[PDB]
Structure formats: structure tokens, C-alpha cells
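Protein chains in written order, with UniProt numbering: chain U, 412 to 526; chain G, 2 to 526; chain P, 2 to 526; chain R, 2 to 526.
Here a beta-carbon is modelled for each residue, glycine too, at the ideal position from N, C-alpha and C.
Take a look at the structure below.
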Amino acid sequence: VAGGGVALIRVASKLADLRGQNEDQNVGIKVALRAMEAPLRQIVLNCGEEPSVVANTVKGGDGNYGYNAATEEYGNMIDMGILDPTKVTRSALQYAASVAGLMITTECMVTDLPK
Amino acid sequence: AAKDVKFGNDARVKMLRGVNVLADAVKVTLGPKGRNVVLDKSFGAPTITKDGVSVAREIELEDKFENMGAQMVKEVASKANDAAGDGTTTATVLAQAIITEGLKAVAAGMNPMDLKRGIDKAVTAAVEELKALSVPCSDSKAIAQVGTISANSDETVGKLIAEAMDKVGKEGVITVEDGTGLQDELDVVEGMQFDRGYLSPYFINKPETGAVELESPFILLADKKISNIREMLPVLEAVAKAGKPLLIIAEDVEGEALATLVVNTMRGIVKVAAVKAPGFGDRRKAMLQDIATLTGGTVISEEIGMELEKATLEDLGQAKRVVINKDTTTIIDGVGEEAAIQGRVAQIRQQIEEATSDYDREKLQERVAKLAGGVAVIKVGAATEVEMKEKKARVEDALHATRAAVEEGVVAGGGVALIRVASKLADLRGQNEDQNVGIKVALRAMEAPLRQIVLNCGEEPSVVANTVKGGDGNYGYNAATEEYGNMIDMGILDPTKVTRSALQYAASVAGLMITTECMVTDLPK
Amino acid sequence: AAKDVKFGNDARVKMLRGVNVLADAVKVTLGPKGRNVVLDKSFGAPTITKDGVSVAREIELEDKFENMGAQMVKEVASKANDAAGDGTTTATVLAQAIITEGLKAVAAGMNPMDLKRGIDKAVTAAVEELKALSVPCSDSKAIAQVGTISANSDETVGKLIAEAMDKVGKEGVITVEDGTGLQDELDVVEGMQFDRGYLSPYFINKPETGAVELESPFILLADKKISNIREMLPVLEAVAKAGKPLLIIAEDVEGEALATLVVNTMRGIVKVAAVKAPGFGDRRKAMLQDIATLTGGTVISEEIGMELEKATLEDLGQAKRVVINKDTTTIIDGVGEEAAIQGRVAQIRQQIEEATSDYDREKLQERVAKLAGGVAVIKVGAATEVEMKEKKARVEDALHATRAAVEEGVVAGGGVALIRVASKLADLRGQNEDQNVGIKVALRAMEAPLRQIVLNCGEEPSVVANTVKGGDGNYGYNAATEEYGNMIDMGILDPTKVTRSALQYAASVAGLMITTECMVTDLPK
Amino acid sequence: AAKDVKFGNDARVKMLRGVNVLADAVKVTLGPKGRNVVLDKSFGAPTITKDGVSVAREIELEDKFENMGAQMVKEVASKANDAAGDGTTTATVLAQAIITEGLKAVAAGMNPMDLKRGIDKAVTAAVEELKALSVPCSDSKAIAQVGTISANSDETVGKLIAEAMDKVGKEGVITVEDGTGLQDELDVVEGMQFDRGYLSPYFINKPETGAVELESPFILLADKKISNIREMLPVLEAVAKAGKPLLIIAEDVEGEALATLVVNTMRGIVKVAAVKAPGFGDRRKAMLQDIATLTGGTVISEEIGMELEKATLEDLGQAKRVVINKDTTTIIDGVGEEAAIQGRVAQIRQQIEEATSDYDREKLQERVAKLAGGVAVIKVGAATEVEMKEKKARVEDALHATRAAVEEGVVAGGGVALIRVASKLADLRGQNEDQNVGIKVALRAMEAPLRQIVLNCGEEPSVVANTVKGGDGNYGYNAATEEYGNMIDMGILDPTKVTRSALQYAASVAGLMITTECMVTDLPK
Ligand SMILES: [Mg+2]
Ligand SMILES: [Mg+2]
Ligand SMILES: [Mg+2]
């Protein structure tokens, strides 16, 4: 799939109408969708460009169209040769959401005393 | 007193921390989705306001260096409001932006003087671009539209202002007063206006407008400098008995005399205000006599051998109303006989024929224009007193906006005019690299107003700013409705004078602060 | 002075901490099982009260930001009591609930302005739902019932109020005085009432009601602004000799004149009160002559050339009693000749015939209604003086409740009306998700009054709230008897005006506080 | 262990503080009027040195972030000395200059990556300019001149080096040893040199040159990785009895085997050093056997089934001297019979005939050149032992200088070549403004060496720097004599390799440090 973090922002854009059983779940959805932009924005931030503007333009397009962070031009990311294995992007998201879900639902922590 | 002296970077960051407190306090109120500021009053409940000027007045800091920084920007930013009736907040936000990026550059080791000269070059260029972008406001239809937009989409206000400007002209004098019923009124009366403000800000009795309003006052006409109250006592006691306020127009009031009249008005033993007589030299003496004839008083000139001690309340002229602000004094409805005034006018026109110089003819022509022209008086009517006072305020505010619109036109509001103008000056360069940075500092600072407005709305400043640069002319972002289009058509505009004044004043103080190497103030204790 | 400036979340928590102190102090008194609050005075034993208004006025906090928070809610919550005679405590509890949940949402990163817009939309909807829920109070039977319920199940009070409103009408003026024996009295006399309150809260001599009562006072009628005490010395000295109190009705009393009169009354050398003249412009001059004919005084207009220094006792009008509060001035039993008043009335009924405008005839119809209508005077009787004063208080309190009930009807009390209306607005939405949260904040806040009442009773708020939502109409939980049923039937009700006013004022200040980004106050020391 | 983590600017100023301590300590020694640094050792009187390398090795800081800054610059600056035999101090002063100005730019808000790319572009360009400015050093006359200048104007040293290079060629191997009397000696012996350095810096027994020098050592040749010392014990014990040092040439020596050998050498129970065998794969196996034939030892290959435990003293080869530094190993005067070596050479020349590939022939030709070529040995003679050791040091130092001069030529010394090259790159630009600043940072940094030299002399850096830019070519300022002229003619020069290496290594770390956003280190605990 398209690399440079645009695959995650692409699929998040397709899931705007996704809802759950209640309002709390709906927020949980929007939290996840908004988090899927974090990789792209960070890549763009490291380049010294505005994350908001690039994220905005990438959402505008469809498919594997995105922002090549190296050359600072938009186009088909697969064609330009900026890609990731689907397994990588999938795995990264699922593992991220796994630990995030556990931490959000943590009410108690037990550890040894400072000294 | 022993002084605390700071230098260089140490001094400049103190100023910057001061300007930040001011700017950050005022800039929250900017735009249609502007936030509230709560101002404390230890005699009742606190004020909740979205007026950036009200907030600015309150700002004073404990650190004396930080305070100096805040007071410098306040001083200059307020001059924008004095000129155009708007854009103190804008001037403050611009100043913050220019100083912040200016000091970054100074720390990067660039010459302050070159930075200043680069900023100034970008501003001169930007002002010319504002002229180009400006849509004129000439015909009565347009005057009504601008008055309507300025008065919160109220067509009755636009109509009032247009009718008033039709009576006395575009360069005419227009007053606003309380109405006496539901009906609005428009009358022209014997009056005059000259460019002399109050001689103390402590005389202000209407703090909203920042002006002194005297109802049915006596006017003292002195052709001397009053430094002592000793010579004023027989006159002050004769007006205290008549129980009416007093305007003094002298060559100057200063020293003992000023201080005493400040404290008396504040305590409220006698309501008094003071302004310099208009002009200087021979022409001052002549204009004092013009006001004398208008007001039906006699000038008390020490040159023919009159003393202020022997002055009686017969000598003082009187009008229905006087309004003084920081720059101007307006005398409204003088009690002068039409015989005397028309006689004075005929006497001036005689001198125009005998005048040898062009300069002399022009000066005499602007004296006759004052006497002959008079003063328009808009009485604002409404159903309830609360509605009447509210509408009056909108009329005064719209009047100032429309006056400014007539002078220099209108440009896209919402901070769009500045960002548009800045986008046209990408290729502007200076004498060296340091000046080039000074330019880019200014151009980047011109986005600050828009971005802040967009930030207050809760939208991304960068994205909006980006889209607005894409278009051309008066195309911009309506922050209220969240749609792009022609800003003038959508009715979001500013007088070109406002935007111009805000930028020039902002760049003035910013340039001075960037080129400050030393500060001196009293020590904390 | 140097200021302390706070921003954003840091500022908003301070205000919330402040409102919590106010709300928590006042809300303990809410409901039939309300708790006592002990208020300290350093002249005697401390006061024990269940009056939330008494508690609120005492609350002032040391932290100047926290204080500003408390004073803002006090200011606005008190306007609920001014309008309807109840619901300051309710407004405070609502304000706390809206602010708390509002600020949680702001911290979650939702736009304050949208939250406000959502709250406001929920309120507008809720007010209409209150209109729908409202049971009218028209017939004199119903009036007596509401008066009885308001006066702590005393049927004598209900009868008194019903009989009074039967004589002077529903929109008639009704006064309450001390009785002269066991029997109650009811008399209609020459009188008037206009919407102008005291010009200084320091005139208040009956602090419980928060009102100025003057017994057999002279009334000064001046058609000018009084700024100096110099011009009212001959009149004040003439009033001191007669040893009667003085009411001043002028265009305005401000500055040194106001200050001097405030101090004089507090020292107690002369008892005086000042109010603005009713209306503005030409209509003011007319109404100032109406009170002149009623009292049997003459207006001291400077327009036809009369001075205040040449005003004797005979120029002042007089009445048997004047009652002034924050909004209203009532003139009771004037000494005007029936000939003069009936003549003035006939004169105005002449002008109604010659009136061209509908607006002119309705304004003249107001003035005739005041002069012709007069004022009802209830003299409350009892066995002892202690019982008499106690009953009088309940009559005044029930009178305001009944007046409000006549205007807008009655709804289920005990905080049930609010929770009922909130349950009907589950499907209300706004323009975006932020506004939707604003709605849910408001809806959830409307339960706060009920829950607090239930909490004070020692029952579970969530369970009761749950059951009340289950039912429909004016079915609710009687907190006194711990039974469910028709709240109106069980005699637990509020005037619709009270509940409405409390909600709208609560939402007003809450909306402003949520959209506050900056606060400015003096420095701790 | 728990870590201390710093980010962004906070991290980068720490590194700069660390680099400053290093650079400031080392840069005082720079130039002909360089100052002394006193280095404390707690076993005698302190060292007084003008050797910037000696100073650098001592520098270690308490603050762990500052230390990291210093250690990074040390690490790479030392690579300059490894390559060319000079310019660690120059590399350090350059690095300081690039980092200082680089971080000023980063704080001004310029993209670190672009700054780095601008710096790198300026350096690539500057290296090309150095090649253009370079005067070749080819003929034997020039060899002697450079050797003389490098050996402190001693013509005997220049001749010695020239005569040595005449014997074994320009790409020949040359050693320097202690003399046995007054006369100098030059002999060519059976030896070899390969590009593998010590496997631990703790093997260094000559800390001044930073080298391992073993006298009459045994050489162990193992075709395996040695991880455990257990397999080494029978060989180590046999060597301890003969009482001679041991060189281990294996595939690799790591883990417990390395650690044990490090501790044993530092204790001094057996003096031992370890290096990797040259090359990799099949080429490695062949070259191990080349060393075996040369030293007259046997390769212990586990491939054909030999164990290291059954290795006796006869299996080890021996030479008269081995010299190992960070990059190179030189085996001097092996005890291999001339029959066996010439036989091995003849055997390889046979394989050249049978070789099909050109790559194979070139690789075989390298191996023949090593075996057949041998090693030149200069024995330096003098009257006293003190004079002999002193001259020997100057010869070693001049030899490295001359070798470098032969490879890439010479350019103007005294920091002139860098300032000259920088002056020719004024019009160099990049892809954006950030890269342009990156270029100007680098060009301005290239002046740092000259300015520091001039500062140490007590003259004004800016004035001298200004004059040197005025001229062209190898015209510059002789800091010793305070005269301008052709720097090469005056005999103030540097090998082009030195100046090139110093600049590239300086820019290497400066680039990495500028583009650092996070640092991780252990806690102060
Ligand atoms: Mg304005
Ligand atoms: Mg009440
Ligand atoms: Mg060397």
C-alpha cells in the first residue's frame, strides 16, 4: 500500500460514517481515525513542512495518491516507489490499538517502592 | 532616584514578555468568534468585554521593563484607533508578530537597523498594494452600504449617515446626540471644529468614546498662556454659581493651572476642560476671534491690555454642546447672533480679495468654510432609552468607519487585505541580506491577524491562510459563515485607512523596539 | 496599578473554584429539607438562615480570580430574583452545573463558542417546553390558591391578594404596609409606579427586601442633571428643618452630588434617596409633570428658566410613602388635589383623540392608566407586632409569586419542571458535534436543582431523577412527603416565570464564562 | 539502568557546551605561537604540552550530555590524524565553528536537514578547490623539501625519507627504528603491511604515536574466531616461558578471549596484541598463508582439522618488530627463509597466468607486491641517546607528512588554503534559502583555523583574514614572521590530504550534531 503514512490517512478518510452502539463508542472511533494521521503528520513535521496542510491535501485525493515527503510532490505513491507492505501497516495499527486499548482500561498499577 | 539599567538582549526579551501579555490579552477578542476578557472592578461585578481597547487600557505589568514594552505598543496602537476609529487590536497583534520574528533575527546575528529598514520597505510597498486593492466609496449608495455594514447590518443607520453627509458634504462636521423620542432628527446648526485635543486625559467623562462631553458649557477665550489658577479664580467662581461646565481655549494651559483643573474635575467641584487655541502666530489670534463671534463671547487678549481677573460671565461665550477627544474639539450650536457671524464671514471674504499670496487665500478659505459650513447634528431615536443609547453608539461607530471609508476606500476584512498584499510582495528585496530578512519578517507578520481570527474560530490557521493566498483580489475567508468568496460582496470589509494605519503604527513601534540597546527605569524599591 | 493576568484553562479553573464556593454555600438551603447556613456578624450573635439570597450576598473570596467567578454568577443570578421574586439559588445551582460540564468539554478540546451555541439552543427549546407545560392562572380562585401556596398554606393571604387584584386589576399596582390592628385593610389611593430604581445601593434602609422605604417624604422634581451639591443646599436645609425625608427625581444624579447624598444618609443627618426620572426625551418631561400633579409639587425645569437654589418647600410634592428597589419606584398616596389629577387625565385623553400614530396613543394610554388606576394598599393585621411583621413579609413574598403566576402561569416545582422539559429534548441537535455536546451539557444541568433537593432530603438523587423522567406532564416527586403524583395538585409549584428566568440567567453567565480566555485583576497585595 | 532523555534545543546546547570545552582546550595550541596546556597526572609532575592530540585524549566531562558532545567530535577529529598524520586540532576548531553557527540557524527556525545539505555541498565544492590549488609533490627533490619542512627545517631528515622512498618506491612500506650509533642506516627486509588495526585501544604501549610496538614477537596465525581463552592457554603459557610478546592474527578475537588478553597486557603477565586477519572470505585464507610463509609460522586452520590447543612454539612465526595502530599492522623483518618466500611468490605468479578474470589478477598482484616488495627500515642515528630518540620522532612525523604530500600534494599552510578556497565559493547556492545559509555557515567556518592561529600570535584575526582574502593562490600570512607572501615558497604548507581530511571529518559530525533531536544517557546517579 502507499507508504509515507498516507495509507493510514486514506482509510481513515473512508470511515467517516462509521458509528457504534453509543456516543462513547463513537468517540472511540473518532479517536482511532484521528490517530491514523499521526504517522503522516510526524513525517511531514520532520521535513519542516506544515502537517495540517499536507494531511489536508492527501485526504482530498483517492486511492494510493499521497505526498512523497522526500521530493515534496504529490502523485501515485506506488508508482513513485514510496510504499509499505500491507502487513506492516496492518500490524502496526493493530498492535498500537491493542496496547492503547489496554492502557485506556487500566484502573490500577502495582510496582515496587522507589526505595 | 537610582535607576535599573538593562542592555542588549536582556532588555529586549523583557520588552517582548511585556508586549506578549498585552497582545495575548487583546488578541483573544479578535474576529467574529472572539472570546471574552473579564476585567475586574473592585466596586461591583467584573466587566465582560470583547472590546480589545477596553482590555488594552487595563494592562499594566509589575516588572518595570516588561511594563515599558507593553506601554510602548499601547501608545502607538491607540493612535490607529484615533485616526481611523478601529484597528488597535490589529496593530497590537501585528506589533507582536514583527517584534517576535525581529528579535529571532537579531539573535541570529543580523543588524537591527537593516531589519528595521527591511520592515519599513515592506510596509511602504504593502500600503501601495492596499491602495491598489482598495474599492472607492464615493456615491451616496455606497456610503449607506458601508454605514449599514459598520452598524451591524442596520439599514436605518446607513441611511442616517448618508443623509447627514448629503447635507454638510463629505468634508463636513457631523455630530451624534441623544434623541428626544422615537423619531430620528437631522439639523444643521452654527458650529466649528478645530484640530486640538484635550490637554489632559483625566478630563475624559465619557470613557467609552474616550472623549469629554460638556452640556451647555461656557467657553473662555484667552490669548495667553495660563500657568496659574490665581488669575482664574474670579472666572471659575462665576461659572460655579451658574452651575454650568467650562471649556477654556487658551494659547496653552500648563503647570499649576492644569494640575488644579485636573483634580477639580475629578473631585467634581467644577467640571472643566482645556484645549490649546487652534493654529499658531497671527492666524491663532484671528481664529480665537472666529470662535468668539460664533459663541458670542469676547476674546481676553493681554496684548490690548485685558486681565483675566476682571473677566465676567458676560465675556464668556456659550454653546449647546462641546465634544473633545485626543485630537479634535467640536463646538456645537453656538449662541452667536447671525448678524455678527454673517458679518465676520463677509469680513473674511473681503480679505480673500485683498490677499496677495495663494497660501493666505487658502488659510482664509478654510476659516470661512468653518463658520459658513456649521455642524450637522444627528439625534438618534428609539422606543426605549436602552435601545436609544445602544443605537446612538452604533451610529457614532458607523459614522467614524464611513468617514474613513470615504477618505481611502474599503478593502477585504477579516485580516484578508493584509495577507493578500503580503502575497504580492514575494519578490521584494533590499540592499543586503539583513534587509531581505526584515522584509520577510514584515510579510510573515501580515498573516498574524487572519491566523488569529481563524484560531479563535477553532479552524486551522495554516490551511485557511493557504487557501486565501491561492486566490486574488478581495477573495478571502468569511470567518463567520466558513465560506470563501468576495469579501466586499459578502459584507466583511474594513476601511483602507484602518488596515493601513494598523500596519504602519505596528511597524513603527516594532522597528523602534528591535533597535533598542538600552532601557532605564526606576529600581523596584 | 500593576495587574495580574491569567489565560485559558488556568483562568477558567480559578473562576470555577470561585463559583463552587458560592454555589456550594447557597445550594445547601435548597428544597423542603434545606440546611442552615450560619452567617457571622461582629455585632452580636451570628445569623442562622435558610435564605440562599442572604448567603449569596455575603460571599466574597480572597483570591481575586476566584472572587470574579463568584461575583459574576451572583450578579446574574440576582436578576432572576428581581424579575420573578425567586430562583437566585436555582440559577446559581444551574450555573454551576453548566459551567462544570462546559469546562470539561473545553478541556476535551471542543470549541467554546459552539458549546455556548449548543447550550443556548437547548435553553430556547426548553423555554418553549415550559410554555407548553405551564398551567394558566387567570380566575380569582386560582389566584387565591397560588397566593396560599406561596404564603406557606395560609388561606387568609390568598384571599387578601385575590381581593386586591380584583380591585385594581391584574396589571394594577399593589402595596403592602404595616397594619394598625388585628383586622386587615384594603384601600385604593392616588399613586403611581415607574421603572427606575435607586441610584445607589447605600440608600437601602430595609436590607431584607433590599429596598428604600421613606415615610411621609418630600419629593423633588428636577428636569436636569444634578452633579453638584451646591445647588441643592437651600432645599436640603429646608427639608432638614421640616425633618421629613426627601426623594429626588431628576434626569440624573451623579458625581459629587450623588456621593454627598450617599454619605449624608449613612451618617443620618438627612435621609434622602435619588432615582432617575422615568423615560427619556420629550416623554420624560411629560411624565415628570404627571408625578408633579399627583404629588402636588412643581417641576423645576431649567428650560423655562428655574433654578434649584430658588426652590422652597411649597415647590416639593409629597406622598405618604415611597418604596424604591433596584428596578422600580412606587409612589403611594400623593397629596395631589382630585381636581388637578382628574384634569391632567382629561387632558391626556384629549391628546389620544388627536394622536396620529398608534405608538403615540399606546404611550399616552400608559400614562393615563397610572394616574387613573392609582395604587392598592394592603395593611396586614395581627394580634402582636411580631406576628404582624411576619405575616406582612409572607404577603409581600406571596404577592410577587402570584403576580408572576398571573403573567406566565405555573409549572411543577421541586425542580421537576426542568427535568421534565429536559427529557423531552433528547433528539435536539445542532450544526456540529461540539454544539451537540453543548446541548447535552444544558439538558444534564437541568437536573441539578431536583438532585440537590433530593440530596438535602437524604434520598438517592439518581433514583428519584430516574422515576420522575419515567412519568409525563406535571407528575413528579414531592420531596416533603416522599410521594409521587401530580405536583400542581399536591401544591408544589413554581411560577413559570421563576423557572424560566432562573434557567436563562444561569445559561447566560455560564455561556460567557465558558468563552472566557483572559482575566485581569489587581495584584494580590 | 534508567536513562536521562533530553530533546531539541535543550539537548543541542548541552552538546555545544561539551564541544566548546574540547575545542577551547585544544585550539590554544594551534599555530606557531600556540600556547601550552598543562595535563595533570597523579604519578609525578604534570605534563606541559602544545600537542592538541594529547590534550584531546584527556578531555572527558562530568555532565553526561556535554560529554557526549565532546566524545563525538574527538572520535571523528582523530580520524583526520589517522588518515594524514595531522589536523585533529584543525578538525576540532572547524567542527566547533560549524556547530556554533549551525545551531544559531536552527534556533532561527531553519530546517536542520537543509543546513546539513548546504554544509555538505560547500565542502564537496571546497575539496575540489583544494585539488585545484594543490601543488604536486612527485620528484625526489620535492620529497626532500617537504620532509625537511615537516622535520623542523632539518635537511638530513628530508634526505633520509627521499632515499628511503627511492628504494621501495612511492607506494612502498617504510619503518623507522632506533639507531645503533651515530650513522643512519637504511635496509630493506622481508616484511608486509595490511590494513587491520588493533582490536582494543588498551594494547597501545606507545601512547604518543598511539601504536602497539612489539619487539621480537611471536605471531599466532589462526583461521577461526577466538572467543574463549581456554583454547589459547597452551600457546600463551609457551610464550610466557620464552618471555617474548605475542601478536595474534585471527579471523576475529572477541568476547572473553579479547577481555582476558586486554587485562593480562595491562597487568603485564604477558604482553600481547590482537588484530583481524586481512580481507575476507577466500582472499583472507590466502593472505594468512602469505604471512605464515613470511614469518615462518604455520596457519592453524580448523578447516583441515587443526586445534589451537595442539599448537606449539614452532607453529608460531616470528619477526623482529611489529607496529600496529588504529588502521594498519606492519610486520618487520620476518624469519621466513628466502627459499620459502620466493617459492610462494613464484606460486602466486603461476596463478596470475591461470587467472581468467582481471579482478583476480589485480588481487594476486597486490599479494606478490607485498611479499616481494618487503619493508624499508630507517635506523636513525645521533651522538647521544636523547638526540637519537628526538630525531627518530621527527623522522616518523615527517615521513607521514611526506607520504600524504605524495598522494595529494601540498597547499598553503597557516589556515590559508581553507580561507582561500572559501573565498572562491561566494556564488555557491543550493536548492533553497536554508541550504544557502548552510553553505555560508561552512564557508565562514573555514576561516576559524586562520583566525585562531592569528589570535594566538596576538594580532587581529579580522584584519589578517581580510588581507589574505585580498590575494590569490597560495598567497597568505606567515604567522611566524608576520609577513605576507607565497606560503609554499616561504615553507609554510600542509599536505592537501590533511586540510581535506580535517574539513570533511569536521563537517561530518557538525552535520550529524545539527540534525540531532534526542539524546539518551545514563542518570547522574
Ligand atoms: Mg471604528
Ligand atoms: Mg420570593
Ligand atoms: Mg603528524
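Closest in alpha carbon position to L419(U), among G472(U), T500(U) and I515(U), is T500(U). Within 7 Å of the C-beta of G53(R) there is not a single heavy atom belonging to ligand 3.
In the displayed model, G318(G) falls within a strand according to three-state DSSP. For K105(R), the nearest beta carbon of chain G is closer than 8 Å to its own beta carbon.
Cβ neighbours of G280(G) within its own chain (closer than 7 Å, five residues either side excluded): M288. Annotation for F195(P): no alpha helix (DSSP H) segment contains it, though the beta strand (DSSP E) segment containing it runs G192 to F195. Taking 8 Å as the CB threshold, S79(G) stays off the interface with chain P. Separation of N265(R) and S79(R) (C-alpha to C-alpha, rounded to the nearest whole angstrom) is 27 Å. With its beta carbon less than 8 Å from one in chain R, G459(U) belongs to the interface. In terms of Cβ geometry, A96(P) and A423(P) do not form a close pair [threshold 8 Å]. According to the DSSP assignment, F8(R) belongs to the beta strand (DSSP E) that extends over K4 to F8.
One Cα belongs to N487(U), the other to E434(P), and the distance between them is close to 34 Å.
Straight-line measurement puts the Cα of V56(R) at about 39 Å from the Cα of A370(R). DSSP places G486(P) in the uninterrupted beta strand (DSSP E) bounded by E484 to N487. Summarising the contact set, residues whose Cβ lies nearer than 6 Å to any heavy atom of ligand 1 are, in chain order, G86(G), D87(G), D398(G), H401(G) and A402(G).
Considering only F204(R), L31(R) and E156(R), the residue with the shortest C-alpha distance to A212(R) is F204(R).
Considering only beta carbons, the part of the region 459–487 of chain U lying closer than 7 Å to chain G consists of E461, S463, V464 and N467, in chain order.
Contact of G88(G) with chain R is not assigned, every C-beta pair being separated by 8 Å or more.
Pairing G148(R) with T403(R) gives a Cβ-Cβ distance under 8 Å. Look at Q72(P): its C-beta is under 8 Å from a C-beta on chain G. According to the DSSP secondary-structure assignment, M520(G) is paired through a beta bridge with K7(G). The beta carbon of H401(P) lies closer than 7 Å to those of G86 in the same chain, with the five residues before and after it left out. Within the same chain, Cβ atoms closer than 7 Å to the Cβ of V271(R) are found at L237, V240, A241, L247 and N265, the five residues on either side in sequence being excluded. For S139(P), the number of other beta carbons within 10 angstroms of its own is below 16, and it is reported as exposed. At a beta-carbon threshold of 7 Å, the residues of chain U lying near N112(R) are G459, ordered along the chain. For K272(G), the chain P residues whose Cβ falls inside 9 Å of its Cβ are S228, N229 and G256, in order along the chain. Residue burial is scored here from C-beta neighbours: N10(P) has fewer than 16 other C-beta atoms within 10 angstroms and is therefore classed as exposed. By the Cβ-count criterion, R231(R) is exposed, with fewer than 16 other Cβ atoms from all chains shown falling within 10 Å of its own Cβ. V190(P) places its beta carbon less than 8 Å from that of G375(P).
For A109(R), the chain G residues whose C-beta falls within less than 8 Å of its own C-beta are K105, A106, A108 and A109, listed in chain order. By the CB criterion at 8 Å, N475(G) and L134(G) fall inside the cutoff. Near chain P, meaning a CB-to-CB distance below 8 Å, the residues of the region 171–184 of chain G are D179, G180, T181, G182 and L183.
Non-local beta-carbon contacts of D188(G) in its own chain, meaning distances under 7 Å to residues more than five positions away in sequence, involve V378 in chain order.
Distance from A251(R) to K286(R) at the Cβ level is roughly 12 Å; contact not present, criterion being Cβ atoms closer than 8 Å. DSSP, read as helix, strand or coil, puts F219(G) in strand.
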